Amino acid sequence: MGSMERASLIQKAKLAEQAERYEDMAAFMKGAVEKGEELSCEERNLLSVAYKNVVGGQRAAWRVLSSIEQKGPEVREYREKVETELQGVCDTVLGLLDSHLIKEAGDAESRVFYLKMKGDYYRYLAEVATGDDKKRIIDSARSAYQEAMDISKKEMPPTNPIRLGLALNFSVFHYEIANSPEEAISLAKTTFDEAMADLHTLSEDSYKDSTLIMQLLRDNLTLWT
Amino acid sequence: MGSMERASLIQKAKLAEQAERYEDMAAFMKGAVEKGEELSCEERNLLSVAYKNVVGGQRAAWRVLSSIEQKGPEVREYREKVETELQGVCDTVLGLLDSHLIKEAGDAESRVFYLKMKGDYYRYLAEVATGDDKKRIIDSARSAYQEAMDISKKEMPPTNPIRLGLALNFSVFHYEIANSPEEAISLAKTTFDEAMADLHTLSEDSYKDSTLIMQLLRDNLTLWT
Amino acid sequence: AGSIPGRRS
Amino acid sequence: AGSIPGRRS
Ligand SMILES: *Cc1ccc(S(=O)(=O)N2CCOc3ccccc32)cc1
Ligand SMILES: *Cc1ccc(S(=O)(=O)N2CCOc3ccccc32)cc1
Ligand SMILES: [Cl-]
Ligand SMILES: [Cl-]
Ligand SMILES: [Cl-]
Ligand SMILES: [Cl-]
Ligand SMILES: [Mg+2]
Ligand SMILES: [Mg+2]
């Protein structure tokens, strides 16, 4: 995408989302990141939406194939093919974050957003990991989420949607990856309760955003308890 | 896919469908066709399912982008990119049919199936065509559907699901491509009525198949009248 | 108008 | 359990 203008890549990412062409969307946003400039709030969301949808489809396919495999070499070979593709996309996202989105992100909102992404893509790698580096992958996810949590608690109100989504995802990490269901439940409960107590400060539109994510926390708590 | 066994390609196409990985499915089935052997009934369905789903998603995206365009150069450029990809997939399918599925298909069921596909992929090309060859593309679709119709009327009962689906699709061609809504309505009505009169000959499972497609014909008639 | 689906569903 | 969606929808 080196020959396309940054603004054109952003415009085409928005069109790709409208057309539900998420692989294209991700390629346009990778090109935009590689222009070397920082991303605005809206642009960060385009980047996340694109890759979350691409990897989300790969994860769903990997889960279908892994179930069939658990129940000739073809099933294993094809699960491995999908797994390698998934790992490649995660590595690409992590590479964008490391070169050089995180290091240039100084504001709490941007830095937390990117560290949350870093935790998420290591978590997706951990979902399929089985080898000698699996513990290190889990710890890489944990470390990214923890740094994001530390910044968010110092710099953002408890209703901030990025802070809430980070806590939501880190709680999923604890439950599904780290074998720490009590930590997952504790984090979700404390996050929900501290957000509830801060809703009185919010406008109608901010209230809607914060309560939407609070409901996602509650949905998980209902499933886990 | 030249190094993968035919049977493994077929097995992986089935897995890809279960995982909703239709691009993979199409690539596996292209590899299977390129082994040079004829396809069984089940294998013909795998080929059609794979490419119908791939091109169906491209068509939906092209329609979103074409609507935005009708309402800088970026929208046109991106619509053109999706259009070229769509044309490439249609050309690939038509190439498989021409080399050499149709020429080796002697039984009415296989030959009608492939000629129906040929009509469909020329119809998809016609949906996006605007240049000097647009009339020829439309006529190529018409000619393929017509040959399939002629064989089906001589060799298949009026309830045969391939005969019914062919008539359904040719009726859509008349309405949406050829600007012949009366021909579309006449074909759908006569097809429906002749199938109705033959249902008494069918088993429960065949009855279910034929009535399902009859309902699709009726749905179109209700929309068109 | 609808054309034939890939599968009965 | 659910993680954050890409968009509010
Ligand atoms: C990680 C994260 C968290 C929130 C947001 S957002 O922009 O505020 N937004 C989009 C994602 O899903 C949402 C659900 C409910 C409220 C707001 C959002 C972005 C990234
Ligand atoms: C073109 C065509 C027509 C029918 C069939 S099928 O195998 O009989 N089948 C699969 C496709 O959708 C259907 C709907 C209702 C009944 C049967 C089918 C395959 C290709
Ligand atoms: Cl494979
Ligand atoms: Cl900065
Ligand atoms: Cl483009
Ligand atoms: Cl033959
Ligand atoms: Mg420039
Ligand atoms: Mg062989």
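Each chain carries its own residue count, beginning from 1 and running in the order its sequence is written; this scheme need not agree with the entry numbering, and residues with no coordinates do not appear. Whichever chain is written first is A, and whichever ligand is written first is 1; the rest continue in order. Note: side-chain values were computed over all heavy atoms of the structure, leaving out hydrogens and water. Residues with missing side-chain atoms are left out of burial classes, side-chain pairs and their counts.

- As deposited, the entry is annotated with X-ray crystallography as its determination method and 1.2000 Å as its resolution.

### Quick notes on the pattern of salt bridges
- Within this document, salt bridges are pairs made up of a side-chain nitrogen of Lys or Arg and a carboxyl oxygen of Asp or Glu, the two lying within 4 Å of each other. For the coordinates displayed, the defined rule picks out 36 salt bridges over all chains.
- We note a salt bridge from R63(B) to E127(B), for which the minimum N-O separation is 3.2 Å.
- Between buried and exposed lies partly exposed: a residue is buried under 20% and exposed over 50% of the maximum accessible area for its type, with that area taken using a 1.4 Å probe on protein chains only. The exposure class of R63(B) is partly exposed, given its relative accessible area of 46%.
- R142(B) is the partner of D139(B) in a salt bridge, and the nearest nitrogen-oxygen pair spans 2.8 Å. Of the two residues, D139(B) and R142(B) both sit in helix α6 (residues 134-155), three residues apart, roughly one turn of that helix.
- On the basis of relative accessibility, which here comes to 41%, the residue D139(B) falls in the partly exposed class.
- Connected via shared salt-bridge partners are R21(A), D24(A), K81(B) and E85(B). The numbering of helices and of strands both runs from the N terminus, where a helix is a DSSP run of H or I of at least 4 residues and a strand a run of E of at least 2.

### Observations regarding the relation of the copies chain B and chain A
- Placing chain B over chain A gives an RMSD of 0.0 Å and needs a rotation angle of 180 degrees, together with 0.0 Å of translation along the axis. Interpreted geometrically, this transformation is the action of a two-fold axis. The C-alpha atom lying nearest the rotation axis in chain B is that of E23(B); the distance is 6.2 Å. Each copy is laid over the others by a least-squares fit that uses only its C-alpha atoms.

### Describing the site of ligand 1
- Surrounding ligand 1, one finds 13 residues, the nearest of these being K116(A), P161(A), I162(A), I213(A) and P5(D).
- Looking at what sits near ligand 1, you find residues from chains A and D.
- Counting of polar contacts relies on pairs of N or O atoms within 3.5 Å, with two restrictions inside protein: one atom must be capable of donating a hydrogen and the other of accepting it, and residues adjacent in sequence are counted only when both atoms are side-chain atoms. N45(A) is positioned with one of its side-chain polar atoms (N or O) 3.4 Å from an oxygen atom of ligand 1.
- Protein chains bury 92% of the 440 Å² of accessible surface belonging to ligand 1 in isolation. Definition of nearness: a residue and a molecule or strand are near each other if at least one heavy atom of the residue lies within 4 Å of the molecule or strand. Under the convention used here, a 1.4 Å probe and the Shrake-Rupley method define accessible areas, while residue burial counts only the protein chains that appear.

### Here's the deal with the interface of chain B and chain A
- The contact definition used throughout considers only heavy atoms, calling two residues in contact when any of these lie within 4.5 Å. With 22 residues of chain B at the interface, the matching set in chain A holds 22 residues.
- Here the quantity called buried area is the accessible surface, traced with a 1.4 Å probe, that two parts lose on coming together, added over both. Taking both partners together, chain B and chain A bury about 2,000 Å²; carbon and sulfur atoms supply 58% of that area.
- The largest contributions to the chain B side of the interface with chain A come from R21(B), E74(B) and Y78(B), which together make up 31% of the buried area.
- The tally of links between chain B and chain A comes to six salt bridges.

### Overview of the arrangement of the chains
- With three pairs of chains in contact, the largest contact count belongs to chains A and B.
- One finds no contact between chain A and chain C; the C-alpha atoms of the two approach each other to within 19 Å at their closest.
- The smallest C-alpha distance separating chain C from chain D is 27 Å, and no contact links them.

### Some points on the site of ligand 2
- Taken together, 13 residues lie near ligand 2, and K116(B), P161(B), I162(B), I213(B) and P5(C) sit nearest.
- A distance of 3.4 Å is found between an oxygen atom of ligand 2 and a side-chain nitrogen or oxygen belonging to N45(B).
- In the complex, the protein chains occlude 91% of the 440 Å² of accessible area that ligand 2 would expose alone.
- Among the elements of the structure, α5 (108-128), α7 (161-176) and α9 (204-224) of chain B are those that each provide at least two residues to the shell around ligand 2.
- Among the elements that make up the shell around ligand 2, the one with the highest residue count is α9(B) (three residues).
- In the scheme used here, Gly and all other residues not listed as nonpolar or charged are polar, with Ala, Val, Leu, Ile, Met, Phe, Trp, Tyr, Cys and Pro taken as nonpolar and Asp, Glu, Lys and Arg as charged. For the shell around ligand 2, the per-class residue count stands at seven nonpolar, two polar and four charged.

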